[PDB]
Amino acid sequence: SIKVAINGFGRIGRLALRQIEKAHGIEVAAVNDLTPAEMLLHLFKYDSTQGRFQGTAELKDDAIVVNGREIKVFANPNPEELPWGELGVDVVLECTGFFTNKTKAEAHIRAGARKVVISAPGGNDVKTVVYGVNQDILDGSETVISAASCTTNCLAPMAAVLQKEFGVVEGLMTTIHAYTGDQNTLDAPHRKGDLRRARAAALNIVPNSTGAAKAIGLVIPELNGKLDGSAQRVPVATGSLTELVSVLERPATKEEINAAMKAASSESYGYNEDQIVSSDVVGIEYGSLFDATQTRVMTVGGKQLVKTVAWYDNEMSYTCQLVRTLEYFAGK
């Protein structure tokens, strides 16, 4: 089995272990964070939005035993000092949020791993993959890659269909996004100087910037420079949606758009016709779930403006995309 280490046992890291535990041929040999093993085990077993872990998890000296198999636990904030070489670690899932570019992420390779997947945008100099859209750009010679953002994994399959079947002149994106741990619990100073993320997460609609639309060219080259957008964090603990308002190169109807999305559906890109809300998306394994009920095509004097909306669980949808990308990568 390919051996994986998870650096950062947070929301994405812990769910990544859940998904990898359900996979065969790949196993997690070690996890690293800033806390003792008892804290990590408790958070792995009990989850406020994703439910209890469906499996066995017990504590040992400096390890957790998951489904009968031992996983080493480390608490070292500097990746260069981790024993990845000693443990034969092939791929590191970098999920701390503090090593989100190539030079920082390479500390893992100096620690003895062969490859690193960043669970976030990683810059314009590393390949960036949304599984189901462009995973084929990988050939295994890359040392550091990126699985993009949760929002990019939601937007990209929707935008890819619009570009291929109708063509895109331009588009503005709005993601209505669950609050995350980078927002404060209550009004307090923020480490990055962000005056809006400084505010109480569960009390506010919080405008915030996102690069998912601007950087879309890394996933869909033909859309480079055609999209921008922003985000609104709102008080749901997980579950999000992405709206895209676009000008297309050809006329379209709501029925034509919806039919194209369904034709492109896959394990990564679901198609929905029910009148769902965000909680219905919690825990889904699609990276993106197009919502045909929200498609709108407005025609005013022959000029068309199109709205398309797709849901995503920013935690579990992205985690499943990250693990799919990891598995595809690990075979090269």
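Between two forms, the rigid core is the largest collection of C-alphas that superpose within 1.5 Å. Throughout, we count residues from 1 along the sequence that is shown.
Open item on the list: Fitting on the rigid core only, I'd like to know which of the two stretches, 103 to 111 or 200 to 208, ends up farther away in Cα terms in 4 other deposited structures of this protein.
Closed with: After superposing on the rigid core, the more displaced stretch in 4 other deposited structures of this protein is 200 to 208.
Task: Higher-deviation stretch (C-alpha RMS, rigid core fit) in 4 other deposited structures of this protein, choosing from 299 to 307 and 264 to 272 - done: Of the two stretches, the larger average C-alpha offset in 4 other deposited structures of this protein falls on 299 to 307.
- [ ] Quick one: say whether 237 to 245 or 185 to 193 has the higher mean Cα B-factor in the deposited entry.
- [x] Higher mean C-alpha B-factor: 185 to 193.
- [ ] May I ask you to compare 195 to 203 and 99 to 107 by their mean CA B factor in the entry and name the higher one?
- [x] Of 99 to 107 and 195 to 203, the stretch with the higher C-alpha B-factor average is 99 to 107.
- [ ] For the C-alpha B-factor as written in the entry, point me to the maximum among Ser278, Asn67, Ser288, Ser48.
- [x] Spelled out: the listed residue with the top C-alpha B-factor is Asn67.
- [ ] Quick one: which of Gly171, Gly132, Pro79, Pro221 shows the highest Cα temperature factor in the PDB entry?
- [x] The record points to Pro79.
TODO: Select lowest, middle or highest to describe the third in which the CA B-factor of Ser149 falls within its chain in this entry.
DONE: Lowest third - that is where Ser149 ends up once the chain's C-alpha B-factors are sorted.
Open item on the list: Based on the deposited C-alpha B factors for this chain, I'd like to know if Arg11 is in the lowest, middle or highest third.
Closed with: CA B-factor rank for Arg11: middle third.
Open item on the list: Quick check for you: using the entry's CA B-factors within this chain, is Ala264 in the lowest, middle or highest third?
Closed with: Middle third by C-alpha B-factor.
- [ ] Quick one: classify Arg296 as lowest, middle or highest third of the chain based on its Cα B-factor.
- [x] It belongs to the highest third of the chain when residues are ordered by C-alpha B-factor.
Task: Entry-reported Cα temperature factor of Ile118, expressed as the chain third it lands in - done: Bottom third by C-alpha B-factor.
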